[PDB]
Amino acid sequence: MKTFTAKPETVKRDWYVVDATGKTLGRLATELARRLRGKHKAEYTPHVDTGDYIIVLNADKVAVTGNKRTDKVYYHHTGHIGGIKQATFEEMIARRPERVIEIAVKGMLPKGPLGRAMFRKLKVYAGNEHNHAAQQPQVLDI
Amino acid sequence: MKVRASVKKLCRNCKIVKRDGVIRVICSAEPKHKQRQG
Amino acid sequence: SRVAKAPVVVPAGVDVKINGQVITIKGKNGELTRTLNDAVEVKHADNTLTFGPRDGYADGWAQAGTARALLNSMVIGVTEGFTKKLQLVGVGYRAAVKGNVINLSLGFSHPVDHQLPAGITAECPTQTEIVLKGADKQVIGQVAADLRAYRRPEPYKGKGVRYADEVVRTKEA
Amino acid sequence: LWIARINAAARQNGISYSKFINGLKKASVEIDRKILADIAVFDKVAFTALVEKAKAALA
Amino acid sequence: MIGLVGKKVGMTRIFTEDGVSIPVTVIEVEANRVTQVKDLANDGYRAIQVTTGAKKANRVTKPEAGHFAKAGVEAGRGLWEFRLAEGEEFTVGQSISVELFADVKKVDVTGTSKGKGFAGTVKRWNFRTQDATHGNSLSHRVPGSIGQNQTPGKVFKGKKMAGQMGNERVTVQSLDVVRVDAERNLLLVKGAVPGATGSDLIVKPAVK
RNA sequence: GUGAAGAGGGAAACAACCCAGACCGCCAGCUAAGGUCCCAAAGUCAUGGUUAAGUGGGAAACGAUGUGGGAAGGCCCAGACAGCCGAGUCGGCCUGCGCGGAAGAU
RNA sequence: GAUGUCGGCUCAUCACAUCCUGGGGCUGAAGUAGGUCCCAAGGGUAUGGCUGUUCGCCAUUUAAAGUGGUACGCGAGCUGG
RNA sequence: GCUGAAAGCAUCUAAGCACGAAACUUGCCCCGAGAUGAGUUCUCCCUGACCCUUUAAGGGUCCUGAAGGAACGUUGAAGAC
C-alpha cells in the first residue's frame, strides 16, 4: 500500500464566524492560523490546502496587556534613503483597525505561494455586520 | 535644576519623591537644592 | 486607612443616590456626580456613609481613603460652597467683570479676556481684587491657577497676580 | 506526517497524542503509527474504540 | 467653492491714471453647462460635472451622444468635475457664467506647461559646469560623480539625472483679479500663467 | 581532547564548543544533548512561591520611603508618633527579585 | 598569475557629543547684554592675499561661518601642482 | 500645575483632570486601482439555421460582421524612435 494524500479537487470547506470583543490578540491569532492551515483535520497534508473560511467581527475591540496600548511600535521602510516610518498601537487602531489582526495572523503562516493562498480565506471587519448571509456561516466560540 | 547620578538631601527642608520613574529632590527653602537623577 | 475608617455624616436636606459605582449628591447649592474605582465598596447605613476595600485587590485601603476624602468634599460643597481670593500688585494693573468674562490689564500691548466655565461666579469689590465662588473644589482651584499664570509674582519687587494669603520672598541685586 | 494526523484524530475524541500513547502502552497494545494513521483516516468507529481502551487504561 | 474652465488668449497691459503699468493675462470664459450631479447615496461624494465649447456632429461617438442627451445639453469639447461644499445646490442643465467672480479678489490658475523634451542636468537641475580650459578632457557639461565606494555600493533612489522636461500639470497661486467683463466673457488677471496660447485653463478661488 | 585525515543531531547561520563514530536495504520500535502557543515534530500538564521593569532579550564605582522573607533592639493604656485624642511608631543588621547611572553613523 | 595611495574640481548621503533659528530650569539673573545645564536633527550654515598644500596667519563680511562616519566618500567622472 | 490617599501632616501620581516646541500625524502642491485586496458611476452595441461524437465550460459547416478600433494621407507652441 501507500500513504494517503488529499486532492485539491475534492476537499470540503466550511464557513465560521467569530467575535473579537475583549479577546487577547496573540492567543486569538494562534487559533485563527491553526484553522486556516488545517491542522485540526485528520486529512492534513503539507502540500495541500485543507482549511476553512472564517469571518472576524468587531476588530476595533481587541485587547492587550500591560502598557502595550501606548508602547508597541509598528515599523516599515519606503525604499527611499531615509524613509523609515513608525506608528503605535493606539494610532493604528484609530486609523486602520483591521491591519492589527491581519499583520499578527500573517506572521504565523507559512512563507510562500501556499501560505499566500491560505491568507485569502480570512475576512476581517471593524463593526458588527457582514454581507455573507448567502454562505450561512456557523458560530465559533474561541 | 541639577542633573546628576548621586542625589541627596542637602538640608532639613529637602524631600525625596518619585515621579514617573525618576528620583527627584524638591526644597521649600532654597531653589538651588532642586535635583533630578539622570 | 485611618482616613478611610471615619464615616461621613449626611445632614438634613441632602439627597444621596448610589448605583453600582456611581454616586449622586443633591443639595440646596446644586447637584454633583462621580464614578468611583472598582476596588471600593460604599454603604449608606442610616445617616452615614462608610467605605471599605473589596476582596481581590492589592491596594484597597488607599483607594478607600481617596474616595472618602472626595465624598466629604462633595457634601461640604453642596451645602456651603468654596471661595477664593486673588490680589493684584503693580502700577497700572486692573481687573473688571462682565457677565461671565473677566477683563484684565497687566502691562501688555493687548487686553486679556478670560471666559469662566459653567458653575463658577466672580466679583470685583475693587479694581485690584477678585473673588471667586463655586461648589467644585477642583474646578475653582484650576480657574484660580489659570488666572494666576498670566503674570507670576516676580522676585525683585513682588509684582503680579497672587493668592491673598501667599508669602512672596524677595531679594536684592 | 503520521504523528501529526494521529494528534488531529485524537483531539476530536477528547485527548492529546501524548496521553493516548501512554494509555495504549499501559493497555498493552502494539499497533504502530503507520497503521494508527491509516485507521484514523479510513475507519472512525474503530479509532473511537481504541480511544476508549486507552482512556479506561489511564483511569 | 466651485470654479470655471476657460481658454488662454494672450498677454497685454493696463495703464492707470497714476502712471503705473500692470501686465495682464486675458482668459476667455464662456458659459459652463451642467451635465451631472453626484451625491452621497449613489456615489459616495458630492460633486458636479460641466462642459463648455462646441464640437462637430461627425466627431461625437454614440456613447457620448447618449450621455449628453440624457442631460439635454449640446455637446462640448470635454468634461470636467468640481467638488461641492456644504450648503451648495445645482441642477442638471443649468448654466454658469463669469459673474461668479464679481466679488472675488484672488484666484488660482491651473494648466499644462510647455514642452522641452530630453534635457540635461545643467538646464533641468541647475548643475554647475566644469572648466573650459586648463586641460579638461571631454568633460564640460557632464554630471560628475553619482555615488560612493563599496559602502553602499549602489545608487540611491531619487537621484538627479537627465530626462524629459515640461509638458505637465502646474498650478500658480494667489493672483489678483484685475477685471471681470460679463458682456464679452473676459477675465483679466495679473501675471503669467502656465501653458501656450490657445490651451485650456482651470480657474478657482484662492485656497490660502 | 577535537579538526587536520570524520559524515549524522544541538548552539538562527557558525572546521577546532556539547551529544555521538556512517559495510548495504526497509513508508518498524527505544533513547542522548536539546526541547513541547503558531512559523515547526511533542504538556496552552499538575502543585506552592517571586517579578510589573517587555526585566527576561548587553555593562561599573555610586545613589534612592520600589517590595518578599529572618533574628534581635529603644518608646508606649501610669496614654507612645504626626497634627492642632485613643493603638501603635522608630533606627540599624542578614538575605530574594526589580529601578537610575546608559550617546553613532544605508 | 596587481584592491592606482596627497591636494583641488563636479555630485553627494547618514549620526548627534547642536554653530544659527525654536522650547525650558538655576544664577554672584534690576533693564540691555551675559554664565551654566536639560529637550529638540525641520531648514540653513562666506569671499579673497600667501603657499603643491589639508592646516595656519592676515583683510573685509554674516543669524551663523558646527563636530564626525561613508576604501582618511567620489581618477572604467575630470586635473596632475 | 489642580484635586488626593498609602503615611490623621505634607506630596504634579498611585485612581482622576489641565497646559506645553521649526521635531511626530494632518492642512498646501504633484504621481497614483498590475491596490492580483486588479474598486465605483453614466452611456452605447450584438435577439439565425444545422450536423457529429468518447456527452461537455466538446468539434465542425453554412448565413451574418454591430458599437468601436487600427492602417493610410495632410500635420502640431507634442517629440531621439
Side-chain angles (χ1 to χ4, degrees), chain A residues 1-3 26-27 29-30 33-34 37 66-68 71 81-82 87 91 107-111 120, chain B residues 1-3 5-8 15-23 26 31-32 34 36-38, chain C residues 1-4 6 37 39 59 61-66 68-70 73 137-139 141-142 144-146 149 156 172-173, chain D residues 2-4 7 16-18 32-34, chain E residues 36 38 42-44 61-67 70 114-115 117-118 127-131 134-139 142-152 156 160 167-171 173 196-199 207-208:
Chain A
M1 316 210 325
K2 258 150 155 200
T3 296
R27 311 203 170 231
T30 38
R34 203 174 90 91
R37 188 164 187 190
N67 280 308
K68 271 180 247 185
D71 283 72
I81 188 66
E91 292 168 280
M108 288 181 206
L109 286 173
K111 318 296 180 278
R120 274 164 197 135
Chain B
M1 193 75 94
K2 269 156 193 120
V3 176
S6 165
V7 301
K8 55 227 307 205
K15 245 172 200 287
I16 301 199
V17 69
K18 215 221 207 173
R19 274 173 190 168
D20 250 338
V22 187
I23 276 151
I26 69 190
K32 274 177 187 194
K34 202 159 72 166
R36 182 226 186 182
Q37 206 180 30
Chain C
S1 76
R2 213 168 296 199
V3 175
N37 204 19
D59 50 348
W61 280 117
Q63 304 293 345
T66 313
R68 193 268 189 213
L70 293 176
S73 266
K137 220 197 210 214
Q138 202 252 311
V139 181
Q142 189 69 79
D146 291 344
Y156 292 109
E172 288 74 10
Chain D
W2 297 329
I3 285 170
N7 212 347
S16 62
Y17 169 97
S18 35
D32 68 33
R33 290 143 181 83
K34 195 175 99 210
Chain E
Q36 209 179 332
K38 288 173 184 229
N42 207 255
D43 307 65
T61 57
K62 279 177 127 280
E64 292 163 70
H67 186 67
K70 216 229 183 172
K114 292 172 122 185
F118 205 107
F127 281 19
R128 293 332 189 192
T129 65
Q130 313 189 37
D131 287 352
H134 293 291
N136 195 289
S137 268
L138 310 176
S139 325
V142 299
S145 190
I146 67 182
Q148 298 96 37
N149 211 288
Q150 182 172 174
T151 300
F156 295 131
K160 274 176 196 192
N167 203 26
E168 40 152 308
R169 167 173 175 130
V170 178
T171 307
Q173 290 182 320
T197 303
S199 34
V207 78
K208 296 190 172 159

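Proteins get letters first, then strands, A, B, ... in listed order; numbering begins at 1 in each. Heavy-atom basis, side chains included; hydrogens, waters and symmetry copies ignored.
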### Task
Assign C:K137 to base, sugar-phosphate, or nothing according to its heavy-atom contacts below 4.0 angstrom with the strands shown.
sugar-phosphate
- request: With both distances required to be under 3.5 Å, indicate if F:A71 and F:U44 make a Watson-Crick or G-U pair.
  value: no
Torsion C1'-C2'-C3'-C4' of F:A103 sorts its sugar, positive to north and negative to south, as north
_Touch class at under 4.0 angstrom, heavy-atom based, for E:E64 against every strand present_ = nothing
Any strand, both distances under 3.5 Å, Watson-Crick or G-U wobble: F:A102 pairs with none
Just call it for B:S6: base, sugar-phosphate, or nothing, with non-hydrogen atoms closer than 4.0 Å on any strand.
sugar-phosphate
*asked:* Considering every strand and a 4.0 Å limit on heavy-atom distances, what is the contact class for E:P143: base, sugar-phosphate, or nothing?
replied: sugar-phosphate
- Item | OP1 or OP2 of G:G25 under 4.0 Å from side-chain N/O of B:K34 | no
Note to self: By the 4.0 Å heavy-atom rule, please label C:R2 as base, sugar-phosphate, or nothing.
What the structure shows: base
So, with the rule that both contacts fall under 3.5 Å, do G:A59 and G:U47 count as a Watson-Crick or wobble pair? yes
On the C1'-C2'-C3'-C4' sign convention (north positive, south negative), F:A102 is classed south
E:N149 CG to G:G69 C1', in whole Å, measures 14 Å
Problem - Base pair H:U13/H:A49 (Watson-Crick or G-U, both distances under 3.5 Å) - result: no
Worksheet item: Which part of the nucleic acid does E:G44 contact within heavy-atom distance under 4.0 Å: base, sugar-phosphate only, or nothing?
Response: nothing
CD1 of E:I146: more than 12 outside heavy atoms within 6.0 angstrom?
no
### Query
NA contact type, B:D20, heavy-atom cut-off 4.0 Å: base, sugar-phosphate, or nothing?
sugar-phosphate
Heavy-atom nearest nucleotide on RNA chain H taken for C:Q142 and for E:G198; more 5' hit belongs to C:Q142
(message) Please classify the nucleic acid contact of C:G65 as base, sugar-phosphate, or nothing, using heavy-atom distances under 4.0 Å.
(response) sugar-phosphate
| message | Pairing status of G:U21 with G:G42 is requested, where a pair means Watson-Crick or G-U wobble geometry with both distances under 3.5 Å. | response | yes
query: Base, sugar-phosphate, or nothing: which does C:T66 touch, judged by heavy atoms less than 4.0 Å apart?
result: base
Under 4.0 Å, counting only non-hydrogen atoms across every strand here, what does B:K2 touch: a base, just sugar-phosphate, or nothing? nothing
B:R36 atom CZ is separated from G:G24 atom P, nearest whole Å, by 17 Å
Check: Counting only Watson-Crick or G-U wobble geometry with both distances under 3.5 Å, does F:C97 pair with F:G66?
Finding: yes
- Taking only the side-chain nitrogens and oxygens of E:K70, find out if one of them lies under 4.0 Å from OP1 or OP2 of H:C42. no
B:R19 atom CZ is separated from H:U13 atom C1', nearest whole Å, by 9 Å
Taking atom P in both F:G48 and F:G8, what distance in whole Å separates the two? 47 Å
When both distances are under 3.5 Å in a Watson-Crick or G-U wobble arrangement, the nucleotide paired with G:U36 is G:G25
Atom CG of A:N67 and atom P of F:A53 are separated, to the nearest Å, by 7 Å
Which part of the nucleic acid, if any, lies within reach of E:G115 when heavy atoms closer than 4.0 Å are counted: base, sugar-phosphate only, or nothing? sugar-phosphate
With syn defined as a glycosidic angle within 90 degrees of 0 and anti as anything else, the base of H:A15 is anti
Going by torsion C1'-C2'-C3'-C4' being positive (north) or negative (south), G:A71 has its sugar south
- For H:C30, does OP1 or OP2 lie under 4.0 Å from any side-chain N or O of E:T171? yes
query = So, is D:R33 near the phosphate of F:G29, with a side-chain N or O under 4.0 Å from OP1 or OP2?
reply = yes
| field | Under 3.5 Å for both distances: F:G96 and F:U67 as a Watson-Crick or G-U pair | value | yes
Heavy atoms only, 4.0 Å cut-off, all strands: where does C:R68 land among base, sugar-phosphate and nothing?
nothing
*asked:* Heavy atoms only, 4.0 Å cut-off, all strands: where does E:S137 land among base, sugar-phosphate and nothing?
replied: sugar-phosphate
Check: Would you say F:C81 pairs with H:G8 if a pair means Watson-Crick or G-U wobble with both distances under 3.5 Å?
Finding: yes
Exercise. Given H:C30, is OP1 or OP2 found less than 4.0 Å from the side-chain N or O atoms of E:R169?
Worked result: yes
Are B:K34 and B:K2 packed together at the side-chain level, in the sense that at least one heavy-atom pair is separated by less than 4.5 angstrom? no
On the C1'-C2'-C3'-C4' criterion (positive north, negative south), the furanose of G:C16 is south
Quiz item: Between G:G56 and G:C50, is there a Watson-Crick or G-U wobble pair with both distances below 3.5 Å?
Solution: yes
Point to revise | A:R37 side chain near F:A40 phosphate (N/O to OP1/OP2, under 4.0 Å) | key: yes
Judged by whether its glycosidic angle lies within 90° of 0, G:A63 is syn
Checklist entry - Which is true for A:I81 with a 4.0 Å heavy-atom rule: it touches a base, it touches only sugar-phosphate, or it touches nothing? => result sugar-phosphate
Assert: residue with more 5' nearest nucleotide on RNA chain H, out of C:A145 and C:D59, is C:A145
Does the pairing criterion hold for G:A15 and G:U67? That is, Watson-Crick or G-U wobble with both distances under 3.5 Å.
yes
Regarding G:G75, purine or pyrimidine glycosidic angle vs 90° from 0 gives syn
C:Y156 OH to G:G31 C1', in whole Å, measures 11 Å
Whole-Å distance, C:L70 CG to H:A5 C1', equals 9 Å
When both distances are under 3.5 Å in a Watson-Crick or G-U wobble arrangement, the nucleotide paired with H:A56 is none
With syn meaning chi within 90° of zero and anything else anti, the base of F:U65 is anti
In whole angstroms, the gap separating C1' of H:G4 from CD of C:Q138 amounts to 11 Å
Is there a side-chain polar atom (N or O) of C:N37 under 4.0 Å from OP1 or OP2 of H:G16?
no
Are G:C6 and G:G81 base-paired in the Watson-Crick or G-U wobble sense, both distances less than 3.5 Å?
yes
Any side-chain heavy-atom pair of C:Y156 and C:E172 under 4.5 Å: no
Inset, instruction - Indicate whether any N or O donor in one side chain lies under 3.5 Å from an N or O acceptor in the other, for C:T66 and C:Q63. - result: no
Classified through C1'-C2'-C3'-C4' with positive north and negative south, F:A71 counts as north
Sorted by position of nearest nucleotide on RNA chain F, 5' first, the leading residue of D:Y17 and B:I16 is D:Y17
Pairing partner of H:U26, by Watson-Crick or G-U wobble and under 3.5 Å for both distances, is none
When both distances are under 3.5 Å in a Watson-Crick or G-U wobble arrangement, the nucleotide paired with H:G73 is none
For E:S139 and G:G77, is the shortest distance between a side-chain N/O and OP1 or OP2 below 4.0 Å? no
